[PDB]
Structures are given as structure tokens and as C-alpha cells.
Amino acid sequence: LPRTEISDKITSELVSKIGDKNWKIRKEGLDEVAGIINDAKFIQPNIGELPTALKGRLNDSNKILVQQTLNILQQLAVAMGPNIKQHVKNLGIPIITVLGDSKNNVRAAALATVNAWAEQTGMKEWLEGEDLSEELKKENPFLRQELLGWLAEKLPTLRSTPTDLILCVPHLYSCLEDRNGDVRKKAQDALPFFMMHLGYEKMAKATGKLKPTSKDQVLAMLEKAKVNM
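Listed as the method for this PDB entry is X-ray crystallography; the listed resolution is 2.498 Å.

The chain has the name Cytoskeleton-associated protein 5 in the PDB entry, where Homo sapiens is given as its organism. Here the entry title, as the record gives it, is "The XMAP215 family drives microtubule polymerization using a structurally diverse TOG array".

Enquirer: If you had to explain the nonpolar core to someone new, which residues and values would you point to?
Expert: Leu76, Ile96, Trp117, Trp150, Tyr173 and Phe194 are the most contacted members of the largest nonpolar core, which has 73 residues in total. Ranked by the residues each element gives to this core, the list is headed by helix 4 (residues 63-80), at nine residues. Residues contacting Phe194, with those up to four places away along its chain left out, are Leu151, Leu155, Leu165, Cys168, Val169, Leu172, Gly199 and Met203.

Enquirer: An account of the pattern of salt bridges is requested, with residue identities and associated values reported.
Expert: Two side chains carrying opposite charge are able to pair once their charged atoms lie near each other. Applying the stated criterion across every chain, the model contains 13 salt bridges. The closest approach of N and O atoms between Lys17 and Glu28, which form a salt bridge, is 3.2 Å. Note that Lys17 is positioned in helix 1 (residues 12-18) and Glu28 in helix 2 (residues 23-40), a separation of eleven residues in sequence. The class of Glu28 is partly exposed, set by a relative accessible area of 38%. The residue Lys89 makes a salt bridge to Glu125 at a minimum N-O spacing of 2.8 Å. Here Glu125 lies in helix 7 (residues 124-127) and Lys89 lies in helix 5 (residues 88-97), a separation of 36 residues in the sequence. Given a relative accessible area of 29%, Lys89 falls into the partly exposed group. Each of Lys17, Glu28 and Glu32 takes part in a single network of salt bridges with overlapping partners.

Enquirer: Explain the packing of aromatic side chains residue by residue, including any values.
Expert: What the rule picks out here adds up to two aromatic pairs. Aromatic pair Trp126 and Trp150: ring centres 5.8 Å apart, planes at 80°, arrangement edge-to-face. Linking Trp126 in helix 7 with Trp150 in helix 9 (residues 141-154), this pair joins segments that are 24 residues apart in sequence. For the pair formed by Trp126 and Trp150, the shared burial category is buried. Put simply, the rings of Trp117, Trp126 and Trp150 touch in pairs and so form one group of aromatic residues. In this structure, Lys226 packs its charged tip against the face of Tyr200, placed 4.3 Å from the ring centre.

Enquirer: If you had to explain the layout of surface pockets to someone new, which residues and values would you point to?
Expert: Quantified by volume, the largest pocket comes out at close to 160 Å³. Along the walls of the largest pocket sit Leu58, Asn59, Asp60, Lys63, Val66, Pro94, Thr97, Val98, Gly100, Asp101, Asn140 and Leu143, which together make up its complete lining. At the level of elements, helix 4 and helix 5 are the ones that each hand at least two residues to the lining of the largest pocket. Here the lining of the largest pocket is composed, by residue class, of five nonpolar, four polar and three charged.

Enquirer: Can you break down unusual backbone geometry residue by residue, with the values?
Expert: The phi dihedral of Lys41 falls on the positive side, at around 75°, and the residue is not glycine. Along the chain, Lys41 turns up in the loop between helix 2 and helix 3 (50-57). Take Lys41: its relative accessible area is 48%, and that puts it in the partly exposed class. Positive phi is not limited to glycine here, since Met229 has a value of about 60°. Summarising the element assignment, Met229 is placed in the segment after helix 14 (212-225).

Reading the values: rules and limits
Residues numbered from 1 in each chain as written, not as in the entry; some residues may be left out. Heavy atoms only, no water. Core = buried A, V, L, I, M, F, W, Y, C linked by side-chain atoms within 4.5 Å. Buried < 20%, exposed > 50% of the residue type's maximum accessible area, 1.4 Å probe, protein only. Helix = DSSP H or I, 4+ residues; strand = E, 2+ residues; numbered from the N terminus. Contact = heavy atoms within 4.5 Å. Salt bridge = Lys/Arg side-chain N within 4 Å of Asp/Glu carboxyl O. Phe/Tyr/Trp six-rings, centres within 6.5 Å; stacked < 30°, edge-to-face > 60°. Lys NZ or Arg CZ within 6 Å of the ring centre and 35° of its normal. 1 Å grid on protein atoms, 1.4 Å probe; cavity = no way out; pocket = protein on both sides within 12 Å on 5 of 7 lines; lining within 4 Å. Points joined across faces, edges and corners; volume = space filled by probe spheres on them. Nonpolar A, V, L, I, M, F, W, Y, C, P; charged D, E, K, R; others polar.

Dropping the structure here:
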């Protein structure tokens with residue numbers, strides 16, 4: 001039933017053990033954390049230095065620790081509930097970066113983690129601020145693919161898009177001319193769903209900050225978008 005504060009269980013001993021140079025020792029720190037949360041069942045939104053600890057292992061050199069960290073982020077979302085919207089900018093956005101991993105199973109696990117958080121937070125906290133746009137901006141074709149494909153999926157479930165959604169459009173426009181075809185394809189797929197919220201006038205105008213050639217063709221398929229909303 002009740003919610004415990006677990007930040008008293010996130011010892012300085014434990015933090016450093018998560019950041020050890022031996023991966024088997026780092027795994028010990030994550031095992032305890034996983035057990036702390038499971039044994040708690042439901043927790044308060046204050047988790048001490050654990051965000052800082054988990055942020056680091058999202059980029060671990062051993063990919064089964066990235067994976068255990070994602071599973072721990074998933075169980076955190078469930079154990080904490082909507083209060084986890086508090087950790088979106090500092091902890092949740094680093095999950096998005098994991099979408100740039102070259103291994104599909106790692107990318108798949110990132111997406112499943114982000115979705116698990118979205119269930120408790122809803123999409124608004126993710127779209128607010130330049131933070132997401134900053135990620136999409138990155139010239140990683142795995143991260144662009146997955147992120148755009150994520151937005152294609154989530155946007156049609158929104159009736160309160162923040163002003164800050166416009167921030168993604170310059171980078172959305174990059175992706176329509178990305179080197180990678182899969183990226184170009186998911187940028188195309190996200191075109192309608194951006195317009196639905198931003199309107200055609202903001203979209204077309206935003207093509208003005210493009211080179212003549214790009215601005216030219218972007219508007220073309222931007223007009224094919226006016227077929228649907």
C-alpha cells in the first residue's frame with residue numbers, strides 16, 4: 001500500500017559502487033537498487049543521488065548494464081507513478097539518447113523505457129523545452145529514426161501541444177534530407193502529425209530558414225501533407 005522514501009537507502013557507498021571501474025561491481029550496485037525498489041513496491045519521488053548514478057550507466061561500456069539500467073528506469077516509473085515527471089528532464093532525456101545505440105535490442109529497450117515513463121507522465125513534459133529538439137538535432141540516424149517514429153506514434157494522442165513543439169521542426173526538416181533513408185522515411189511519416197498541431201502556416205514559414213533548394217522541396221511534400229489535416 002504505502003510509499004517509502006528510499007533516498008536513505010541510496011548510500012554514498014552505493015553510488016560510488018555503481019560507478020566502479022569493474023563492471024561486476026557496478027552490477028552489484030544496480031542489483032541492490034533494483035531490489036530496493038522491488039522491496040519498496042511504491043516510492044516517494046525523492047531518490048537522492050540515484051539519478052546521477054543511473055545517468056552514467058545509460059552509457060556503460062557493458063551493454064547488459066545499459067539494459068539493467070533501463071529495466072530499473074522502467075520499474076522506477078511504475079514504483080513512483082506520475083511524480084516521475086520530476087525526473088524527465090534530468091533522467092528521462094538521457095534515455096532518449098540511448099535511442100542512438102547501434103544495436104536494435106538496445107534501441108528497442110530504450111523506446112520501451114521512454115514509453116513506460118510516458119504512461120505515467122503523459123507526453124507534455126517530454127515536449128516542453130528545447131531538450132527533445134536538442135536530441136533530434138544530433139546527427140545520429142538511429143536516434144533520429146527512433147525519435148521521429150516515436151513522435152509519429154505519440155502525437156496523435158495529444159490535444160494540448162506546448163508552444164515548444166515548433167522547436168523540433170528545423171531538425172525535422174534536416175531529417176527529410178538525412179543521409180539515411182530510414183530517417184527520411186520517418187521524418188516523412190511525422191509530417192502530418194506535426195501539422196495537425198502546429199498548422200500549415202508555421203510549418204511553411206519555418207521552411208524559410210532553409211536553403212532555396214531544400215525550402216523548395218520541403219514545401220512540396222509539406223503540401224502533400226495538406227491532404228490530411
